[PDB]
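A.B. asks: Here it is, the structure in full.
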There are 6 protein chains.
Amino acid sequence: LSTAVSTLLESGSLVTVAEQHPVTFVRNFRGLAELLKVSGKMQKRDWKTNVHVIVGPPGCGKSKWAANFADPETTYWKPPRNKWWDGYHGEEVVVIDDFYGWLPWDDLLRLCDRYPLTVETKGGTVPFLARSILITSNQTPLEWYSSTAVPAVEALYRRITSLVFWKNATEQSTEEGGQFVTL
Amino acid sequence: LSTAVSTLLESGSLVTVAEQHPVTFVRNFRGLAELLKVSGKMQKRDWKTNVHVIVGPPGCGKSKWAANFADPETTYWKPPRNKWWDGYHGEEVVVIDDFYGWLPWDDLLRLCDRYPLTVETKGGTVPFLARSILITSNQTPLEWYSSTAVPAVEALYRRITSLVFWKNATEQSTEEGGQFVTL
Amino acid sequence: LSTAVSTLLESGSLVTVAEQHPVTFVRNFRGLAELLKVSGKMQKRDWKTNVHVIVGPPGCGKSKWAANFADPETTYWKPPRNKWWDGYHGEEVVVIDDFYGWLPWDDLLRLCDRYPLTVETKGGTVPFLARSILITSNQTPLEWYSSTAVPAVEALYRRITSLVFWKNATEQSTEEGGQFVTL
Amino acid sequence: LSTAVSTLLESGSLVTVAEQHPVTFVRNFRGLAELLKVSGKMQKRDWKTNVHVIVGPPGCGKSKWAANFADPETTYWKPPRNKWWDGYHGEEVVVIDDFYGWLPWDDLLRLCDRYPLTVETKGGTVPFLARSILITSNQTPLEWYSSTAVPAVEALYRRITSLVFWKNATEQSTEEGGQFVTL
Amino acid sequence: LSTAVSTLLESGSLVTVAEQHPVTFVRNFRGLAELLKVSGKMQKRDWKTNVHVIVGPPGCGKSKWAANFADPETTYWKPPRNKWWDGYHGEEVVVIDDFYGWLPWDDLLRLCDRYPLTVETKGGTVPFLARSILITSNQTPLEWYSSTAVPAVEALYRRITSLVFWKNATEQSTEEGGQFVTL
Amino acid sequence: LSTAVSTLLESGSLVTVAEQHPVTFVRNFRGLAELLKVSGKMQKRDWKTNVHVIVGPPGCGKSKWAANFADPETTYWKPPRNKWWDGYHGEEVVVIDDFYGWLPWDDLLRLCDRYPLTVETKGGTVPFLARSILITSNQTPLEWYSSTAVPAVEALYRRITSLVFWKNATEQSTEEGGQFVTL
DNA sequence: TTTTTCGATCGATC
DNA sequence: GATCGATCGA
Ligand SMILES: Nc1ncnc2c1ncn2[C@@H]1O[C@H](COP(=O)(O)OP(=O)(O)O)[C@@H](O)[C@H]1O
Ligand SMILES: Nc1ncnc2c1ncn2[C@@H]1O[C@H](COP(=O)(O)OP(=O)(O)O)[C@@H](O)[C@H]1O
Ligand SMILES: Nc1ncnc2c1ncn2[C@@H]1O[C@H](COP(=O)(O)OP(=O)(O)O)[C@@H](O)[C@H]1O
Ligand SMILES: Nc1ncnc2c1ncn2[C@@H]1O[C@H](COP(=O)(O)OP(=O)(O)O)[C@@H](O)[C@H]1O
Ligand SMILES: [Mg+2]
Ligand SMILES: [Mg+2]
Ligand SMILES: [Mg+2]
Ligand SMILES: [Mg+2]
């Protein structure tokens with residue numbers, strides 16, 4: 001057990017213990033969770049999460065690019081139209097699928113921001129630790145939200161790291177700066 | 001329970017652990033759930049779901065062919081008019097019966113894609129891993145939703161793998177699929 | 001101990017497990033319940049549920065007849081005018097009393113079919129396994145809905161098994177069914 | 001454990017026990033928290049939680065200053081919009097970030113008082129012990145709550161300690177409550 | 001633990017057990033509390049609970065009079081805005097602070113009576129026994145509740161034992177009951 | 001513990017196990033209750049439970065008489081606006097006080113019926129062995145449950161044992177006859 | 001168990 | 001004026 005406590009308290013979250021000594025995590029699982037939350041070393045997020053938007057008409061292999069962006073061991077495909085992040089437990093790359101505007105504006109800002117955040121799950125809370133949010137969508141970011149119900153739409157475009165677009169060509173071409181508002 | 005952990009991390013289904021090991025699942029039943037949920041290795045969808053729309057006027061055995069699709073056991077029946085996939089627990093056949101369009105259009109566009117998804121249950125979420133969604137109905141897929149209310153709009157009529165109509169009180173004739181927009 | 005699981009897998013009921021081996025049921029009770037709930041498939045239904053409609057002028061001794069169909073201890077008396085079948089555990093007389101057109105049309109058509117359904121309580125879902133539905137009403141089954149709002153429109157009468165009527169202060173007469181639209 | 005309980009009863013803080021001998025805190029973690037609740041040595045608040053308010057248009061570095069106010073080992077970043085102080089098991093700094101009024105008025109009045117408070121966590125209760133509440137906002141404290149729908153707007157202002165404001169696109173300058181409705 | 005059970009049987013207070021033998025109280029705390037509940041030697045209430053009401057404009061110093069009143073160690077500052085009394089576990093100042101009616105009417109009548117009452121926590125129920133309640137407000141009690149939406153509002157004023165006011169920027173001059181309404 | 005089950009499964013549970021075997025009940029307290037509930041030996045009831053209903057404006061000693069009815073040792077007070085019957089681990093006066101209609105009507109009837117019942121507490125279920133329910137109110141007993149919201153108002157009337165109104169501010173008088181819809 | 005989640009009320013838009 | 005959606009409270 002002190003081995004499990006070593007691998008937990010020294011560094012990481014419960015996932016590393018689950019990968020190191022499972023037989024000591026099937027037992028004492030609630031107490032490792034409370035030790036982690038009380039020790040204070042529960043991993044915050046102190047980095048910048050890249051945000052790659054993808055735009056294209058339905059059928060252009062949008063989601064294929066997302067599923068091929070990283071290994072399926074480290075992709076959390078967020079369920080749609082919910083505020084719940086259930087099952088996450090840290091999964092580096094987060095692909096918000098086909099996102100037409102079904103997330104609160106300030107919450108979308110805070111996912112794409114660069115400072116700690118704890119997202120919510122059904123009956124608990126899980127610390128957000130993503131590193132590349134792939135926002136697969138259908139329209140340009142200028143049609144997700146309306147300027148009426150938003151403080152300032154620039155506050156989101158400031159965070160879109162890259163932006164792949166689909167034009168009348170079988171390839172998907174990145175966007176060099178902004179023809180529209182700059183990112 | 002050393003064998004139980006090594007068997008759980010490979011098959012990734014608690015039912016298999018219980019069946020292959022009754023005794024060590026009576027104890028540590030919660031811990032195995034948390035180990036599965038945290039370690040990863042949960043069975044996620046990475047295949048294509050095969051939609052089989054069945055359509056005809058009432059009383060023609062729409063449901064008869066729905067439950068005919070083997071087995072009578074491994075067939076989740078989606079609760080009507082609702083959002084929650086409660087109690088699903090992992091099946092392979094999902095028979096949405098007597099459809100009108102009650103599932104939101106985007107959720108139906110997403111049930112029939114080729115990528116992981118997480119459905120909602122009243123108290124959590126359960127991974128959705130289905131291989132055929134028998135959408136029994138009464139109308140053709142053209143009039144499930146209003147012509148203007150759908151914004152895509154040809155993203156459902158792509159993924160409809162099969163189709164069966166009901167002709168003039170004679171038999172269920174497999175629709176050839178060419179007359180309508182292609183499938 | 002080990003023999004508890006041996007006696008559970010050959011019973012299918014916890015009651016005998018408690019009777020024969022109580023000492024190891026005072027401990028480990030939570031796990032036998034989970035084992036039964038996870039190793040035994042949920043109970044579907046495949047039996048046409050008889051729908052005996054009771055209709056007459058008000059106050060004609062309808063409720064007493066309803067309770068007299070079967071044992072009152074296994075009879076539900078569904079909370080009227082809402083959509084929460086508060087469990088009730090599966091109780092296999094169902095008496096919807098004073099029905100006058102408030103359940104949705106397709107929901108009622110589904111409640112009286114040969115294929116499984118799952119009505120929902122507040123905070124969960126209960127499998128619906130009814131051998132008899134006793135629709136006690138006030139007026140004719142054709143006045144429950146108008147043919148404009150119902151695009152079926154004669155699909156209910158297939159599901160009605162028989163009909164019970166009260167003639168001009170003679171008795172609760174059992175209908176022929178051959179004069180009006182057939183049963 | 002026989003010594004761990006001795007430390008717990010006289011240190012009065014579960015964090016101390018969790019850091020001294022984690023292994024006997026992994027087991028018996030409910031027990032220690034319940035002994036601490038019963039014995040009465042659970043830590044209250046009797047000091048004044050000095051509240052810093054930061055204002056300025058987005059992207060000007062409000063959040064960076066908030067992460068540079070204290071060590072990241074202690075700053076608890078409040079989860080947004082959802083009134084659940086989960087992940088808190090103490091220590092001084094609390095940075096409610098990007099505030100716009102998403103907290104009930106009385107709770108914002110009562111966090112900043114000098115007297116004990118217990119906040120909700122997801123299935124429990126955590127005592128509040130902060131020493132600095134850095135509220136970060138884009139709007140002056142006037143536009144957080146409407147004057148008419150508030151019993152007395154002067155109550156919140158009395159509890160603000162410092163007010164830092166961004167001016168003229170060069171650098172944020174501390175205010176003294178002259179121009180603002182003073183505190 | 002036989003000594004601990006016997007020393008609980010006659011004293012009937014978990015506080016005493018936790019004072020004498022913490023170690024046993026750490027390991028089995030649900031057991032001792034349930035044993036105390038079942039044996040019937042709980043602590044019912046048979047005494048009128050004084051309700052001192054303080055009214056004044058904010059900043060006049062209402063709450064400092066509550067914070068100094070009985071003892072810093074035997075006051076339970078009620079968590080606001082909700083019906084949970086967690087962590088209370090005995091005794092006898094209960095100071096509902098900053099009140100304006102955010103507690104259910106019948107429950108507020110019932111807190112201020114002579115007959116027993118069990119109050120609700122996150123995990124179970126802890127018996128209520130308060131020798132004096134201090135209620136702090138900004139309005140007079142005449143407008144804590146809608147005078148129309150309450151059947152008989154005299155039943156609250158009858159329970160207040162002392163209604164202490166704030167005069168014209170001088171002091172907290174105790175008002176005399178029965179003049180303006182009953183007391 | 002072997003003898004514990006033998007004593008448990010005779011009668012009069014769990015009060016007599018807790019009296020006779022204090023040590024073995026500190027452990028296994030959830031499991032003895034579960035074994036007893038599973039077996040058909042929860043000391044059931046066949047006696048029509050008495051219902052005394054009191055009506056009078058507040059301050060007229062409604063609840064005083066309820067307190068002065070039986071021995072306080074064997075009295076339970078139902079905490080209002082709360083469907084949990086925690087504290088029923090003794091019995092047999094039940095005084096639902098200060099009623100305004102806050103119980104589900106069918107359950108209220110079920111408490112006043114003759115059949116055996118099992119109410120649910122925080123941590124399982126408890127048999128409802130009541131003999132006298134002193135339903136104390138302040139308004140006319142009819143208005144508690146609206147006739148539209150109830151299938152039959154007279155069903156509640158049938159199980160009332162006795163009723164008491166209040167006189168012209170002097171006396172408690174027993175109501176005799178058919179001033180309202182009698183039983 | 002609590003949480004849910006569900007239901008009711010209020011506000012805004014057509 | 002009615003229906004649907006969103007937000008808040010329990
Ligand atoms: N494992 C796979 N095997 C074969 N083809 C695949 C696989 N994964 C993706 N594809 C192809 O990628 C395409 C994805 O299309 P689809 O997901 O419907 O559109 P979008 O990706 O834009 O949502 C399909 O046409 C399919 O042929
Ligand atoms: N480690 C770092 N190295 C260089 N620049 C940094 C570092 N951390 C933060 N910054 C800068 O500080 C700024 C903080 O931005 P942000 O937190 O969005 O401001 P606010 O939250 O107030 O809108 C970023 O623009 C970034 O360039
Ligand atoms: N350090 C201090 N110096 C001077 N006055 C103080 C200090 N701390 C608190 N007070 C005074 O104590 C009183 C009570 O504080 P508080 O309870 O927060 O206000 P309220 O009575 O409105 O709830 C206030 O009037 C405040 O002016
Ligand atoms: N020891 C006592 N001394 C004086 N009066 C008492 C005592 N015990 C009970 N009472 C009286 O009993 C009455 C209870 O009535 P009330 O509080 O109106 O009941 P409820 O609030 O439940 O309707 C009070 O008026 C109170 O004066
Ligand atoms: Mg897609
Ligand atoms: Mg910020
Ligand atoms: Mg105060
Ligand atoms: Mg009363």
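Residues in the structure tokens are numbered from 1 in each chain, the chains being A, B, ... in the order shown, and ligands are numbered from 1 in the order shown.
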Ligand 5: which residues are within 9 Å, counting only C-alpha atoms (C1' of nucleotides) and all ligand atoms? Reply as a count of residues only.
C.D. replies: 16
A.B. asks: Over all C-alpha atoms, paired in order, superpose chain B onto chain C by least squares and report how large the RMSD is in Å.
C.D. replies: 2.5 Å
A.B. asks: If we count only C-alpha atoms, which residues of chain A reach to within 7 Å of chain D? Please list them as a PDB file with C-alpha atoms, in the first residue's frame.
C.D. replies:
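See result17.pdb below for the written result:
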ATOM      1  CA  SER A   2       2.845   2.351   0.810  1.00  0.00           C
ATOM      2  CA  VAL A   5       0.871   5.835  -1.741  1.00  0.00           C
ATOM      3  CA  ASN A  28      -8.693   1.297  -0.779  1.00  0.00           C
ATOM      4  CA  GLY A  31      -9.345   6.444   0.426  1.00  0.00           C
ATOM      5  CA  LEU A  32      -6.702   6.992  -2.194  1.00  0.00           C
ATOM      6  CA  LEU A  35      -5.771  11.239   0.246  1.00  0.00           C
ATOM      7  CA  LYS A  37      -7.758  15.464  -2.708  1.00  0.00           C
ATOM      8  CA  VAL A  38      -6.491  16.378   0.784  1.00  0.00           C
ATOM      9  CA  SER A  39      -2.750  16.174   0.044  1.00  0.00           C
ATOM     10  CA  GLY A  40      -3.222  19.050  -2.395  1.00  0.00           C
ATOM     11  CA  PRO A 116      -6.792  25.801 -13.567  1.00  0.00           C
ATOM     12  CA  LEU A 117     -10.310  24.493 -13.932  1.00  0.00           C
ATOM     13  CA  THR A 118     -12.371  21.666 -12.443  1.00  0.00           C
ATOM     14  CA  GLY A 123     -22.019  13.081  -8.758  1.00  0.00           C
ATOM     15  CA  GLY A 124     -18.550  14.577  -8.472  1.00  0.00           C
ATOM     16  CA  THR A 125     -15.909  16.773 -10.059  1.00  0.00           C
ATOM     17  CA  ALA A 155     -12.662  36.941 -26.431  1.00  0.00           C
TER      18      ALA A 155
END
A.B. asks: With ligand 4 as the partner and 12 Å as the cut-off, tabulate the residues of chain E that qualify, each row holding the nearest pair of atoms and their distance in Å to one decimal, using only C-alpha atoms and all ligand atoms, sorted by chain and rising number, as a Markdown table.
C.D. replies:
| residue | atom | partner | partner_atom_place_in_ligand_line | distance |
| --- | --- | --- | --- | --- |
| E:45 | CA | ligand 4 | 8 (N) | 12.0 |
| E:46 | CA | ligand 4 | 8 (N) | 8.5 |
| E:47 | CA | ligand 4 | 1 (N) | 7.7 |
| E:48 | CA | ligand 4 | 1 (N) | 8.3 |
| E:49 | CA | ligand 4 | 17 (O) | 11.7 |
| E:106 | CA | ligand 4 | 21 (O) | 9.8 |
| E:107 | CA | ligand 4 | 21 (O) | 11.2 |
| E:108 | CA | ligand 4 | 21 (O) | 11.0 |
| E:109 | CA | ligand 4 | 21 (O) | 7.3 |
| E:110 | CA | ligand 4 | 21 (O) | 7.4 |
| E:111 | CA | ligand 4 | 21 (O) | 10.3 |
| E:112 | CA | ligand 4 | 21 (O) | 8.8 |
| E:113 | CA | ligand 4 | 17 (O) | 6.4 |
| E:114 | CA | ligand 4 | 8 (N) | 7.3 |
| E:115 | CA | ligand 4 | 22 (O) | 8.1 |
| E:116 | CA | ligand 4 | 22 (O) | 10.8 |
| E:117 | CA | ligand 4 | 22 (O) | 11.7 |
| E:152 | CA | ligand 4 | 23 (O) | 10.9 |
| E:153 | CA | ligand 4 | 21 (O) | 11.9 |
| E:154 | CA | ligand 4 | 18 (O) | 10.2 |
| E:155 | CA | ligand 4 | 21 (O) | 7.1 |
| E:156 | CA | ligand 4 | 21 (O) | 9.1 |
| E:157 | CA | ligand 4 | 17 (O) | 11.5 |
| E:158 | CA | ligand 4 | 17 (O) | 8.5 |
| E:159 | CA | ligand 4 | 17 (O) | 8.1 |
| E:160 | CA | ligand 4 | 17 (O) | 11.9 |
| E:183 | CA | ligand 4 | 25 (O) | 11.9 |
A.B. asks: Pick the closest to chain G from C:120, C:10, C:143, C:71: which is it, counting only C-alpha atoms (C1' of nucleotides)?
C.D. replies: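 Using only C-alpha atoms (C1' of nucleotides), chain G sits closest to C:120.
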A.B. asks: Would you list, as an NGL selection string, the residues of region 32-154 of chain F that end up in alpha helix (DSSP H) under DSSP run on this structure's backbone?
C.D. replies: :F and (32-38 or 62-67 or 105-112 or 153-154)
A.B. asks: With N, CA, C and O atoms retained, could you export that selection as a compact mmCIF listing (two decimals), in the first residue's frame?
C.D. replies:
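Generated file (out-v9.txt):
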# COMPACT_ATOMS: atom_id res chain seq x y z
N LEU F 32 -27.89 -7.27 9.99
CA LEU F 32 -28.98 -7.87 10.75
C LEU F 32 -30.31 -7.33 10.28
O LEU F 32 -31.27 -8.09 10.11
N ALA F 33 -30.39 -6.02 10.06
CA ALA F 33 -31.62 -5.46 9.54
C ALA F 33 -31.94 -6.00 8.17
O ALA F 33 -33.10 -6.28 7.87
N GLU F 34 -30.93 -6.17 7.32
CA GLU F 34 -31.23 -6.71 5.99
C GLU F 34 -31.70 -8.16 6.06
O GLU F 34 -32.62 -8.55 5.33
N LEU F 35 -31.07 -8.99 6.91
CA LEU F 35 -31.52 -10.37 7.05
C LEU F 35 -32.95 -10.42 7.55
O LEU F 35 -33.78 -11.18 7.04
N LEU F 36 -33.26 -9.61 8.56
CA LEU F 36 -34.60 -9.60 9.12
C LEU F 36 -35.61 -9.15 8.08
O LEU F 36 -36.69 -9.75 7.96
N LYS F 37 -35.29 -8.12 7.31
CA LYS F 37 -36.23 -7.65 6.31
C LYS F 37 -36.42 -8.68 5.21
O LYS F 37 -37.52 -8.83 4.68
N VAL F 38 -35.35 -9.39 4.84
CA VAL F 38 -35.47 -10.40 3.81
C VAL F 38 -36.37 -11.54 4.28
O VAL F 38 -37.26 -11.97 3.55
N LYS F 62 -53.00 22.73 20.61
CA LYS F 62 -53.19 21.56 19.75
C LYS F 62 -52.18 20.48 20.10
O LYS F 62 -52.55 19.38 20.51
N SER F 63 -50.89 20.79 19.95
CA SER F 63 -49.86 19.80 20.15
C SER F 63 -49.64 19.45 21.61
O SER F 63 -49.04 18.41 21.89
N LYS F 64 -50.09 20.30 22.55
CA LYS F 64 -49.93 20.00 23.97
C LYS F 64 -50.63 18.69 24.32
O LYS F 64 -50.05 17.82 24.97
N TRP F 65 -51.86 18.55 23.85
CA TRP F 65 -52.62 17.33 24.10
C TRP F 65 -51.94 16.13 23.45
O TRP F 65 -51.96 15.03 24.01
N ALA F 66 -51.36 16.32 22.27
CA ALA F 66 -50.62 15.23 21.64
C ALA F 66 -49.43 14.83 22.47
O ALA F 66 -49.08 13.65 22.55
N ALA F 67 -48.77 15.80 23.10
CA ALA F 67 -47.65 15.45 23.97
C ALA F 67 -48.12 14.73 25.23
O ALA F 67 -47.42 13.85 25.73
N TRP F 105 -50.95 11.65 -0.62
CA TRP F 105 -52.26 11.26 -0.09
C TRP F 105 -52.38 9.75 0.04
O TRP F 105 -52.92 9.25 1.03
N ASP F 106 -51.91 9.01 -0.97
CA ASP F 106 -52.01 7.56 -0.92
C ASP F 106 -51.21 7.00 0.24
O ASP F 106 -51.66 6.08 0.93
N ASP F 107 -50.02 7.55 0.49
CA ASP F 107 -49.23 7.07 1.63
C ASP F 107 -49.91 7.42 2.94
O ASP F 107 -49.91 6.61 3.87
N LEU F 108 -50.48 8.63 3.04
CA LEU F 108 -51.23 9.02 4.23
C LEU F 108 -52.36 8.04 4.50
O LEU F 108 -52.59 7.64 5.64
N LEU F 109 -53.06 7.64 3.45
CA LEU F 109 -54.09 6.61 3.59
C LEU F 109 -53.47 5.30 4.05
O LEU F 109 -54.03 4.62 4.91
N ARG F 110 -52.33 4.94 3.47
CA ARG F 110 -51.70 3.66 3.77
C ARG F 110 -51.29 3.58 5.24
O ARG F 110 -51.35 2.50 5.84
N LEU F 111 -50.88 4.70 5.83
CA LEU F 111 -50.58 4.72 7.26
C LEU F 111 -51.83 4.49 8.10
O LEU F 111 -51.74 3.88 9.17
N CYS F 112 -52.98 4.95 7.63
CA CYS F 112 -54.24 4.84 8.34
C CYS F 112 -55.04 3.59 7.97
O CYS F 112 -56.11 3.37 8.54
N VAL F 153 -61.95 11.49 -1.99
CA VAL F 153 -61.71 12.14 -0.70
C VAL F 153 -62.26 11.29 0.44
O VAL F 153 -61.70 11.29 1.54
N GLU F 154 -63.37 10.59 0.22
CA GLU F 154 -64.01 9.81 1.27
C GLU F 154 -63.13 8.66 1.75
O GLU F 154 -63.34 8.18 2.87
A.B. asks: List as number ranges by chain the protein and nucleic acid residues near region 12-14 of chain G, meaning an atom at most 12 Å away when only C-alpha atoms (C1' of nucleotides) are counted, but skip any in the same chain fewer than 6 places from it.
C.D. replies: H: 1-6
A.B. asks: Suppose you want the space between CA of residue 134 (chain C) and CA of residue 94 (chain C); what is it in Å?
C.D. replies: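 Interatomic distance here is 6.1 Å.
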A.B. asks: Please, which residues of chain G lie no more than 9 Å from chain C when the count uses only C-alpha atoms (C1' of nucleotides), and can they be set out as a PDB file with N, CA and C atoms (P, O5', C5', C4', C3', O3' and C1' of nucleotides), in the first residue's frame?
C.D. replies:
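File produced: part_0.pdb:
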ATOM      1  P    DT G   4     -25.558  15.394  -8.840  1.00  0.00           P
ATOM      2  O5'  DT G   4     -26.379  14.163  -9.440  1.00  0.00           O
ATOM      3  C5'  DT G   4     -27.234  14.381 -10.515  1.00  0.00           C
ATOM      4  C4'  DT G   4     -28.359  13.372 -10.561  1.00  0.00           C
ATOM      5  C3'  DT G   4     -29.410  13.713 -11.614  1.00  0.00           C
ATOM      6  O3'  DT G   4     -29.784  12.586 -12.326  1.00  0.00           O
ATOM      7  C1'  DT G   4     -30.447  13.402  -9.543  1.00  0.00           C
ATOM      8  P    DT G   5     -29.358  13.310 -13.503  1.00  0.00           P
ATOM      9  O5'  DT G   5     -30.925  12.994 -13.560  1.00  0.00           O
ATOM     10  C5'  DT G   5     -31.545  12.331 -12.445  1.00  0.00           C
ATOM     11  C4'  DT G   5     -32.866  12.997 -12.113  1.00  0.00           C
ATOM     12  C3'  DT G   5     -33.613  13.614 -13.295  1.00  0.00           C
ATOM     13  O3'  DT G   5     -35.011  13.420 -13.108  1.00  0.00           O
ATOM     14  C1'  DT G   5     -33.426  15.218 -11.684  1.00  0.00           C
ATOM     15  P    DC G   6     -35.921  13.059 -14.375  1.00  0.00           P
ATOM     16  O5'  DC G   6     -37.376  13.452 -13.842  1.00  0.00           O
ATOM     17  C5'  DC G   6     -37.654  13.345 -12.433  1.00  0.00           C
ATOM     18  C4'  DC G   6     -38.419  14.567 -11.963  1.00  0.00           C
ATOM     19  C3'  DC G   6     -39.343  15.212 -12.998  1.00  0.00           C
ATOM     20  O3'  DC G   6     -40.513  15.680 -12.339  1.00  0.00           O
ATOM     21  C1'  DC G   6     -37.988  16.850 -12.172  1.00  0.00           C
TER      22       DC G   6
END
A.B. asks: Set the distance at 8 Å and use only C-alpha atoms (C1' of nucleotides): which residues neighbour residue 167 (chain C) once local chain neighbours fewer than 5 positions away are removed? I'd like the list as a list in words.
C.D. replies: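 Contacts, with the query itself left out: residues 56, 172 and 173 of chain C.
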A.B. asks: Could those residues be written to a file, using N, CA, C and O atoms, as a compact mmCIF listing (two decimals), in the first residue's frame?
C.D. replies:
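Okay, this is what ended up in again16.txt:
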# COMPACT_ATOMS: atom_id res chain seq x y z
N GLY C 56 -68.99 3.14 -18.17
CA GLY C 56 -70.37 3.27 -17.80
C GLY C 56 -70.70 4.66 -17.30
O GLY C 56 -69.84 5.54 -17.24
N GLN C 172 -73.29 -4.80 -14.43
CA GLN C 172 -72.09 -4.54 -15.23
C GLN C 172 -72.00 -5.60 -16.33
O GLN C 172 -71.34 -6.63 -16.19
N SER C 173 -72.69 -5.34 -17.44
CA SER C 173 -72.79 -6.31 -18.53
C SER C 173 -71.51 -6.36 -19.35
O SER C 173 -70.89 -5.33 -19.62
A.B. asks: When DSSP is applied to the backbone of this structure, which of region 37-85 of chain A are assigned strand (DSSP E)? Write them out as a PyMOL selection string.
C.D. replies: chain A and resi 50-54+75-76
